[PDB]
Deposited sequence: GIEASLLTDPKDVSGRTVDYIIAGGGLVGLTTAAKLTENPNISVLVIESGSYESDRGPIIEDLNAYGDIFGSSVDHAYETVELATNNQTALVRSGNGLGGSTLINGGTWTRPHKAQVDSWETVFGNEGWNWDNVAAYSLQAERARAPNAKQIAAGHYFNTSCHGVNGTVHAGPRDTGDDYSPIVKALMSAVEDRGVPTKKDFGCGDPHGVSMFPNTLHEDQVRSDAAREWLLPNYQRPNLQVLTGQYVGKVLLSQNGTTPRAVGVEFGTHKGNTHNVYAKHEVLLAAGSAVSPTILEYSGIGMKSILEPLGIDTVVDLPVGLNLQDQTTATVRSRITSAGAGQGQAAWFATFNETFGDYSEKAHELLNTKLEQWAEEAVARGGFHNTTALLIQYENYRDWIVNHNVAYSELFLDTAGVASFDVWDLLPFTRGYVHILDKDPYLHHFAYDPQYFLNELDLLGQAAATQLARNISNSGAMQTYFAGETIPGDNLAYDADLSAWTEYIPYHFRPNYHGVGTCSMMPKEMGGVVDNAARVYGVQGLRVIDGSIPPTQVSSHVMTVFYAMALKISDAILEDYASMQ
């Protein structure tokens, strides 16, 4: 089986040459490996810190076991710095194994708002990265299944024109075999009373209102992790090699006259037991948004003011690790009556005005006058160029005011409770990730999302979370509401927005959607990679993973990342062919 084909001994690759080295066997990494090795003459080696996990059992394969794997060997559990919002560290869950985070994520399959992806081209000047182009790759990746009658009756709606049916990633309705809970339709009824839409297909380009959605699972409910979808079918390809249990530490650079060229990588598990492997064409970094930037820095690609004091020679000076954008999540949970019994998930993609309610006008005044916020974020080291950050913020203001994009997500789980996980989708805060040591294998790094260090992010989160409590005992939801359990006794039930702002910093987690740490945007705008994911000033080196999106999106990110891996893989093959 696949297990027998996987490499584990570094001596099997040490000193060898392949066409492409892919650092990180995760979502983008394995999608890209699969596409590249469709040409039998192209050799690819994937190097993954973890191993194969796709047949472990329910802890991986059943989406309804979500969270059980946290804290195990399959979770990197990256620790943040001591956060300034609450003086505590946080854990950033991240998958460790073939498939990366797809091994451990919630399986939620949705797309952004059209205007968001269009702005990657029209504001961030990435030629060809508009909604229609990226969406065509997204459709190609997708192998969706329409809902059956019982799934529709629960609240599903599937637009056949918005889903590929002949692709690679199996997606369709989560269906545990229970009857579906009426709470999903009650939430829809409760928001309909407020004028909010329901059942819009979150894959069509306007994610707003309360809808169900597809999940990344096979018809038999087995998790569609990236290794099961893109590696397991293809691992017999002799030109596709996978080494497990080793970390990529740094990219090996040589001089090609005036410009450094990536010629390979060093890998290993501790200082003093490292090895080299070489790439004839390119090194492609796909270790995740917390890690790919650090790999550049360890290699001498990063900010001279960060690298020089650590004792690293800055070969290429770029703002690597800046522009980190993760969301904050909080919970509101209630007990339900026995008539609320059954399975189902749904989500409210809530607009700015839906989020703030009566605070909308004041929130808009801040949005109109404070974009000061850019100066503050820069001063905190989340970004280097105040003008370019302001442009990002004007872009979010355009999204909110001229496109009415969703600004928060209130994610409903049922299956015996009514529980919301709630996050502000569009944080203005900008954080960073930087190495704190020269030795890659020590994994000593500062990951600072700067949660709640922008006032609008704290107000918006507070307002969204308060809204979750509000809707839980509104309209049709009153049918099933059997008293709040979280915050419950920890926060008075009539708490106002001010009280919620005081509560939230002590009751949130990372959302685990960190993007931006090797931003795909022009160099003068603060970018690290061009519109073909190439690191500025280096030949044969790309960063291709969730490091690269320059903005957040009103979406779950898998649909975007599979699409982007396909789009970049074609760019790479175009270059190989020429």
item: Stretches with no C-alpha atoms in the model, relative to the deposited sequence starting at 1; value: 372, 580 to 581
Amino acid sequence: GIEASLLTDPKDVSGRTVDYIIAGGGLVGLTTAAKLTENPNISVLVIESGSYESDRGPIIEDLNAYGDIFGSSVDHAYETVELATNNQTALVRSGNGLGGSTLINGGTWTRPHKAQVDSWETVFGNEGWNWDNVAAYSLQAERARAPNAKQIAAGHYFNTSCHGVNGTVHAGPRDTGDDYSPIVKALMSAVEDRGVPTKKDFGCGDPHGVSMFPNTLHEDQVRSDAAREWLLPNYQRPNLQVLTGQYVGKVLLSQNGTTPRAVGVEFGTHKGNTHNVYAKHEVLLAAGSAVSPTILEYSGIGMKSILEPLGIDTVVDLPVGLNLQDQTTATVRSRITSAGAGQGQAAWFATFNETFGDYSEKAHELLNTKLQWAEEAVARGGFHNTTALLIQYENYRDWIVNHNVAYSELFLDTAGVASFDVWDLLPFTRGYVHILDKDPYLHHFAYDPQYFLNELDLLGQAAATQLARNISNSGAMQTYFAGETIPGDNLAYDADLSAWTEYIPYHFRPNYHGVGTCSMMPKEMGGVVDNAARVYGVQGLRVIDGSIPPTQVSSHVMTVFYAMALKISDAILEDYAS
From here on, numbers count along this sequence of modelled residues.
property	result
Stretch with the higher entry mean CA B-factor, where the candidates are 381 to 389 and 73 to 81	381 to 389
Mean C-alpha B-factor comparison - 407 to 415 and 254 to 262, higher one	254 to 262
Per the PDB entry, maximal CA B factor within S101, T465, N273, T110	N273
Maximum C-alpha temperature factor, selected from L367, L217, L436, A347	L367
Among modelled residues of the same chain, the CA temperature factor third for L30	lowest
Third assignment of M558 from its chain's C-alpha B-factors	lowest
For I183, the third of its chain into which the C-alpha B factor falls	middle
Third assignment of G205 from its chain's C-alpha B-factors	lowest
Chain-wide C-alpha B factor ranking for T37, given as lowest, middle or highest third	highest
